[PDB]
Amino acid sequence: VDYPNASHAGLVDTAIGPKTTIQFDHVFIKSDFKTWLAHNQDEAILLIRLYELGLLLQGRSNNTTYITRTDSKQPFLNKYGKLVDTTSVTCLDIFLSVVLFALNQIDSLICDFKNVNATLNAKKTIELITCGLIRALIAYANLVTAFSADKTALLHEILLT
């Protein structure tokens, strides 16, 4: 536990670099936030899909190269690796705020919606939404708690530097 590289070599978690750390003021720390992003790529991409939705609602909004189609997840796996490559706590703050703005919006929509076959397919719609919003919210609830945990570790390290 204190000498983990010895442990493995007898009886990834020591790899240090941009995809496994965050920093504030060039004070780096091994990042739970990132480690969650590493074990939950599908859910990560889900929050990345919400990040895109959050920018459009606010009104904010290339280099595809191929003249033949390829994969529809291609774009979202590209962004996925730019997120993980990002160590700045200040940039990561932006990301999670935009994403939360989308979660609140989808929820405002559902709540609003709660207050023939069109209707039967319009109910089924909102029910898929609520299903996704659950998953994203537990993904968000878990991701940012880890991000919050990381900061309590950067708060400690700064005071000791």
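All residue numbers are counted from 1 along the displayed sequence.
Missing deposited residues between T68 and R69: none, as the chain runs unbroken there. Where coordinates are absent for parts of the deposited sequence, a chain break appears; between neighbours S61 and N62 it spans 4 to 9 residues. The PDB entry records a higher mean C-alpha B factor for 73 to 81 than for its counterpart among 73 to 81 and 87 to 95. Remark: stretch with higher mean C-alpha B factor among 120 to 128 and 25 to 33 is 120 to 128.
For the set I134, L103, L55, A44, the PDB entry assigns the largest Cα B-factor to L55.
Compared with the other modelled residues of the chain, the Cα B-factor recorded for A38 ranks in the lowest third.
Looking at the C-alpha B-factors along this chain, the one for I16 belongs to the middle third. Looking at the C-alpha B-factors along this chain, the one for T161 belongs to the highest third.
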